[PDB]
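What follows is one structure encoded as structure tokens, with my remarks underneath.
Every number in this text was worked out from the coordinates using simple rules, so none of it is lab data. Backbone-built Cβ (ideal geometry, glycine too); neighbour counts: all protein chains shown.
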Amino acid sequence: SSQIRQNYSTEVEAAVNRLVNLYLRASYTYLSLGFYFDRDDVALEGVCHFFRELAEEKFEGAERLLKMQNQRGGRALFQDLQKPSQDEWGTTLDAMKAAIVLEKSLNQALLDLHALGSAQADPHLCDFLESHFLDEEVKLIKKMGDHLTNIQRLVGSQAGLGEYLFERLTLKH
Amino acid sequence: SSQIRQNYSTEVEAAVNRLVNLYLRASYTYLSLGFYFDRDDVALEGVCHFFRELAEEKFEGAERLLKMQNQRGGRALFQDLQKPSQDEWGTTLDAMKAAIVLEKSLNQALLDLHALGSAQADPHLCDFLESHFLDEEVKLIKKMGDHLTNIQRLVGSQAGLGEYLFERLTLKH
Amino acid sequence: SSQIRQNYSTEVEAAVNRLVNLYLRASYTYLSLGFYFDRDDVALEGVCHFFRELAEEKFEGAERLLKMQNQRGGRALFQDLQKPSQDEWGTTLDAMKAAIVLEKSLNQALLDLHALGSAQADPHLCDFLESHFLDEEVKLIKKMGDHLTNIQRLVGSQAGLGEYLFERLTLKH
Amino acid sequence: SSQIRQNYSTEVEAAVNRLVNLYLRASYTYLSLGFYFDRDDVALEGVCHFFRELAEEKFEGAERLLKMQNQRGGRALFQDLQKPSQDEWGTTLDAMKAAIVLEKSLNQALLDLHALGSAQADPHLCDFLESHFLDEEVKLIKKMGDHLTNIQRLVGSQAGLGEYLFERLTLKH
Amino acid sequence: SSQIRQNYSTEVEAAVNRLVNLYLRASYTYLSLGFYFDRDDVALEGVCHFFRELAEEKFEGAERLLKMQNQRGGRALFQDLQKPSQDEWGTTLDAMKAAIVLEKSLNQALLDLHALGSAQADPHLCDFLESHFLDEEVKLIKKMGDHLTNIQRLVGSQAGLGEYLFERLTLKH
Ligand SMILES: CCN(CC)c1ccc2nc3c4ccccc4c(=O)cc-3oc2c1
Ligand SMILES: CCN(CC)c1ccc2nc3c4ccccc4c(=O)cc-3oc2c1
Ligand SMILES: [Cl-]
Ligand SMILES: [Cl-]
Ligand SMILES: [Cl-]
Ligand SMILES: [Cl-]
Ligand SMILES: [Cl-]
């Protein structure tokens, strides 16, 4: 409320609510990816666990945004959450490509919100994103690119063999 | 590569590579300073250890820049490393003055890169420098100024005595 | 200085300084190899760690030479450090071949310095090299040859698969 | 005796006995230096302890030579031990200069014996000296030069003050 | 000697000495196999360790036979030990086939000695072989057959890949 709100624009408040939607959508996408890889006809446990972990990380991101919204005196507003873009996610390669596309979209939304904060002279917002989101996103995208490269190297002329080996020797934990 | 690169300009990529060169040059300068103070005709162990520690710190700085370059999708490019500016470093006072000059040069390069990042709207770069370099540099320059002042107070009319006492009671560990 | 210098020729002093340059050049080469393998489009962690460890080992070698130079009363003299021979290092096989070529060059330089020491009747120098460098180099070259052979056996008709398996089952730690 | 003696020349046997004499003479010199610094009118405990420790180290050196003589089948032969060159040793500076002169003399004797062993193709003798004497001597001479330099820096225009400070802050343990 | 010898035929005594020769020959064969796999151009550590362990096991077998010979009052007689049948041992498959051939030969020699003992009514000899040799040999031959089958399954159309995988996932310890 207005009792604590200071230097917190309506534009930033709304963009924060939009970003919560994007993180919860991303969490939902990762839930769908994770359970696809748990199908008996897909059966790649390491890939399932990778994406289920990302579902939790994205929910945590939304939670942190909602805590900050209240710390600043803004009001959380929730919208409908769109279902994921696919019901079936193809190979590990297809899935990891979809995830990197998703992560770049979230990263661009973080950068856009940082730029709005900078324009509005809101350094608390800018520090919040830098401290809890920007480097986390850069680290995750780098990890996913490393994975993509290893998955791509393993396709060669024996795709099933490569897909099994990647799950067993890189992801399974 | 382009598979992960996002909001990372060619200008920042090149300046990062330049800054790696400056840190490795600084590491090399500190290696030369450290071993000069280990000469049998100089023999100031605390001063030697001070500069050898700084050689390692500057290498670590270069390492962190190289990790970040890859996290962002840029490409490390290495250049020849210039030898240090002196083969003999004079007194502890002369050496500490040279080190503060070196550190101010690195600090200015950090500030210049921060300003480029700000101009290019690259908040990850700006946060990286603020979080791992700017305050570390400020702390080190303050330490070195404190040392300079103590060394200068000890010169008086008995320079050898002062140089021994500083090494024994401030630096030796 | 002359206050401690005994049985230490100008020829050995200069060759020691040259060898410090070669070790620091080798360290720099291994830094470049290590970070190449950390690229998102290469992504072979075990190979990166192998070469980063070698960067540190070669720096340690230079450090030991510089300590001995001072123990003997010689004077360390530093020269410019040439950049590595390549900016991109190809496959793990290409890189391991380059490393063995580098190591044989360092080994020949050690042998040449040993021979100079023997000719100058400098047994301290000869023992120093035998005790801290010759067997270390032989052990490392044997390791690298073992690696080369395993990498070569894995190329067959599925190079990407072999390169992944070598990194995962031999190098990753 | 001849029952075990193999590749052990009469020349090396005699030079070993001569070297035992030199080490025991050096031990005796250090005993005299140590007790001089324990005089009530000299009273520099750290300097006394430094030289008493060196008396023990030199005796240990003689002991090791005598063990090796018997291991090789040679026969220990003892000669009269000359008294030290001085009854009073002057300042800490005078004493440290005398000690470095003594150590260089022992080092030259080690080098001469190494050269005889090399000429006689006696690698056990050569390794023995390299492993237990040459580097120990180099390390000690470097230490003594470092001390000389610090003592010399402290003389300035207040010699008593410098002599006290060196004993208290470098040697006293 | 005759002071303890009881129910111990000259035929069994001689066959025991022959069997010691066969075990020491087998130990020597396994030493050669082990070091072949340690060559830089073969480089299969698990295979090397497998055969070096077998060298020790076969020596232990000879030792046990020699202890028993003396327990029974027979006299150990040693003969020349023939060098192994090959200087180079080919692939892991070739080597494992040679080892199974060697083990079947030792097993037949054990069975022949058991039969001689049975014919001579020497139950101590028969129990000795049953208790310390027959089942050990059966277990080892079964292990080696299991290995052969796995090596053979891995040849397919990528022999190098299979040879690496067997060493890494079955033998390396
Ligand atoms: C002279 C410029 N160069 C050559 C590129 C240096 C200088 C200093 C270095 N210091 C280290 C170092 C220091 C402490 C602990 C670990 C390490 C290490 O693993 C690698 C190093 O590499 C170095 C290279
Ligand atoms: C032959 C006459 N000389 C030379 C003056 C000896 C003889 C025996 C010595 N034994 C020791 C000794 C023995 C045990 C533990 C410590 C020490 C030591 O610190 C110094 C010694 O100094 C010696 C000199
Ligand atoms: Cl939808
Ligand atoms: Cl230059
Ligand atoms: Cl160059
Ligand atoms: Cl005399
Ligand atoms: Cl034969």
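Quick test of your reading of the structure: D:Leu81 fulfils all but one of (1) within 14 Å of chain B (Cβ to nearest Cβ); (2) outside any helix (DSSP H, G or I). Name the failing condition by number.
(1)
Identify, from the list A:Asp87, A:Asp112, the residue that is under 29 Å from A:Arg5 (Cβ atoms), touching a helix residue (DSSP H, G or I) at 6+ places or on another chain (Cβ under 9 Å) and among the acidic types (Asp, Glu). Break it down into steps so the answer makes sense when it comes.
Values: A:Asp87 fails: under 29 Å from A:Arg5 (Cβ atoms).
Exactly one residue qualifies, and that residue is A:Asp112.
Could you please find all residues in segment B:124-157 being within 17 Å of B:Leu106 (Cβ to Cβ) and among the hydroxyl-bearing types (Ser, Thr, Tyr)?
Scanning segment B:124-157 gives a single hit, B:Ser131.
Across segment E:84-110, which residue is farthest from the chain's Cα centre (by Cα) among those that are loosely packed, with under 14 Cβ neighbours inside 10 Å and in a helix (DSSP H, G or I)?
Step one: list which residues in segment E:84-110 are loosely packed, with under 14 Cβ neighbours inside 10 Å, which gives E:85, E:87-88, E:90, E:94, E:101, E:104-105, E:108.
Right, trim to in a helix (DSSP H, G or I) and you get E:94, E:101, E:104-105, E:108.
On the way: E:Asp94: 17, E:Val101: 10, E:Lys104: 9, E:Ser105: 9, E:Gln108: 11 Å.
The extreme case among them is E:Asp94.
Going through D:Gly46, D:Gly61 one at a time, which residue ends up being in contact with a helix residue (DSSP H, G or I) (Cβ under 8 Å, 6 or more places away or on another chain), more than 9 Å from ligand 2 (Cβ to nearest atom), over 23 Å from D:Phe128 (Cβ atoms) and part of a helix (DSSP H, G or I)? Write out each step before concluding.
On the way: D:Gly61 fails: over 23 Å from D:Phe128 (Cβ atoms).
The match here is D:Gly46.
Within the set of pairs 6 or more residues apart or between chains, which connect a residue that is within 29 Å of A:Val42 (Cβ to Cβ) inside segment A:73-93 to a residue that is within 16 Å of ligand 4 (Cβ to nearest atom) with Cβ atoms less than 8 Å apart?
Close Cβ pairs satisfying both conditions: none exist.
From the set of residues in segment A:49-99 that are in contact with a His (Cβ under 9 Å, 6 or more places away or on another chain) and of a type in the set (D, E, K, R), which is farthest from A:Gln152 (Cα to Cα)?
Per the stated criteria, the residue is A:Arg72.
Can you find a residue in segment E:43-65 that is touching a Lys or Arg at 6+ places or on another chain (Cβ under 7 Å) and among the charged types (D, E, K, R)? Steps first, please.
As a first pass, look at segment E:43-65 and keep what is touching a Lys or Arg at 6+ places or on another chain (Cβ under 7 Å): E:45-46.
Add one more test, that the residue is among the charged types (D, E, K, R), and what stays is E:45.
Yes, segment E:43-65 contains at least one residue that is touching a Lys or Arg at 6+ places or on another chain (Cβ under 7 Å) and among the charged types (D, E, K, R).
For segment C:127-138, give me each residue that is crowded, with 19+ Cβ neighbours inside 10 Å and either over 19 Å from the mean Cα position of the chain (by Cα) or among the hydroxyl-bearing types (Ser, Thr, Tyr) (or both).
Hit for segment C:127-138 is C:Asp127, nothing else.
Test A:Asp112 against the criterion of being away from chain B (no Cβ under 14 Å) and either out of contact with any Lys or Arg (no Cβ under 8 Å at 6 or more places or on another chain) or in contact (Cβ under 8 Å) with a residue 24 or more places away in the chain (or both), and give yes or no.
Details: away from chain B (no Cβ under 14 Å): no; either out of contact with any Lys or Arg (no Cβ under 8 Å at 6 or more places or on another chain) or in contact (Cβ under 8 Å) with a residue 24 or more places away in the chain (or both): yes.
Criteria not met by A:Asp112.
Does segment A:111-125 contain at least one residue that is closer than 20 Å to C:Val42 by Cα and in a helix (DSSP H, G or I)?
No, every residue in segment A:111-125 fails to be closer than 20 Å to C:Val42 by Cα and in a helix (DSSP H, G or I).
State which residue is farthest from ligand 1 (Cβ to nearest atom) when the search covers only segment B:1-42 and only residues that are away from chain D (no Cβ under 14 Å) and of a type in the set (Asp, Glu). Spell out how you get there, then give the answer.
Taking segment B:1-42 first, the residues away from chain D (no Cβ under 14 Å) are B:1-34.
Subsequent filtering for residues that are of a type in the set (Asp, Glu) retains B:11, B:13.
Details: B:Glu11: 25, B:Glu13: 20 Å.
The selected residue is B:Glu11.
Could you run through segment A:115-124 and say how many residues are away from chain B (no Cβ under 11 Å) and within 18 Å of A:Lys67 (Cα to Cα)?
The total comes to 3.
Quick one: in segment C:100-109, which of the residues that are away from every other protein chain (no Cβ under 14 Å) and in contact with a helix residue (DSSP H, G or I) (Cβ under 9 Å, 6 or more places away or on another chain) is farthest from ligand 5 (Cβ to nearest atom)?
Filtering segment C:100-109 down to residues away from every other protein chain (no Cβ under 14 Å) leaves C:101-102, C:105-109.
When the remaining residues are screened for being in contact with a helix residue (DSSP H, G or I) (Cβ under 9 Å, 6 or more places away or on another chain), the result is C:102, C:105-107, C:109.
On the way: C:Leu102: 14, C:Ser105: 15, C:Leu106: 17, C:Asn107: 21, C:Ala109: 17 Å.
Checked segment C:100-109; the qualifying residue farthest from ligand 5 (Cβ to nearest atom) is C:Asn107.
From the list C:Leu106, C:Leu129, C:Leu134, C:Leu102, exactly one residue is among the hydrophobic types (A, V, I, L, M, F, W, C), without any contact (Cβ under 8 Å) to a residue 24 or more places away in the chain and either closer than 29 Å to E:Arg39 by Cβ or in contact with a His (Cβ under 9 Å, 6 or more places away or on another chain) (or both). Which is it? Even if it seems obvious, please write down each step before you answer.
Numbers: C:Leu106 fails: without any contact (Cβ under 8 Å) to a residue 24 or more places away in the chain; C:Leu134 fails: without any contact (Cβ under 8 Å) to a residue 24 or more places away in the chain; C:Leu102 fails: without any contact (Cβ under 8 Å) to a residue 24 or more places away in the chain.
Every option except C:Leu129 fails the conditions.
Yes/no per residue for (1) within 16 Å of ligand 6 (Cβ to nearest atom); (2) of a type in the set (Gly, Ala, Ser); (3) surrounded by 21 or more Cβ atoms within 10 Å (Cβ to Cβ); (4) without any contact (Cβ under 8 Å) to a residue 24 or more places away in the chain:
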| residue | (1), (2), (3), (4) |
| --- | --- |
| D:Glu11 | no, no, no, no |
| D:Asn21 | yes, no, no, no |
| D:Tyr28 | yes, no, no, no |
| D:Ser32 | yes, yes, no, no |
| D:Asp41 | no, no, no, yes |
| D:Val47 | no, no, yes, no |
| D:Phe51 | no, no, yes, no |
| D:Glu56 | no, no, no, no |
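Filter segment C:47-70 for residues that are among the aromatic types (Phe, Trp, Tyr) and either within 10 Å of chain B (Cβ to nearest Cβ) or touching an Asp or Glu at 6+ places or on another chain (Cβ under 6 Å) (or both) and give the result. Before you say what the answer is, go through the steps one by one.
To start, the set of residues in segment C:47-70 that are among the aromatic types (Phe, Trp, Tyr) comprises C:50-51, C:59.
Answer for segment C:47-70, where residues must be among the aromatic types (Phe, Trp, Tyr) and either within 10 Å of chain B (Cβ to nearest Cβ) or touching an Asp or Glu at 6+ places or on another chain (Cβ under 6 Å) (or both): just C:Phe59.
Pick from B:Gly73, B:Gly162: which is away from ligand 3 (no atom under 16 Å from the Cβ), more than 25 Å from C:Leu24 (Cα to Cα) and more than 14 Å from chain D (Cβ to nearest Cβ)?
Values: B:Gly162 fails: more than 14 Å from chain D (Cβ to nearest Cβ).
The conditions single out B:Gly73.
Against the condition farther than 21 Å from B:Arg72 by Cβ and within 7 Å of another protein chain (Cβ to nearest Cβ), how does A:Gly145 come out, does it pass? Break it down stepwise before answering.
Numbers: farther than 21 Å from B:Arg72 by Cβ: no; within 7 Å of another protein chain (Cβ to nearest Cβ): yes.
No.
Hey, can you tell me all the residues within segment D:124-173 that are of a type in the set (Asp, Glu) and either within 24 Å of B:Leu154 (Cα to Cα) or out of contact with any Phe, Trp or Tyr (no Cβ under 8 Å at 6 or more places or on another chain) (or both)?
Initial filter on segment D:124-173 (of a type in the set (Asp, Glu)): D:127, D:130, D:135-137, D:146, D:163, D:167.
Once the filter is applied, which keeps residues that are of a type in the set (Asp, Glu) and either within 24 Å of B:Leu154 (Cα to Cα) or out of contact with any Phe, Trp or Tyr (no Cβ under 8 Å at 6 or more places or on another chain) (or both), segment D:124-173 yields D:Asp127, D:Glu130, D:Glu136, D:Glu137, D:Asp146, D:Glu163, D:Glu167.
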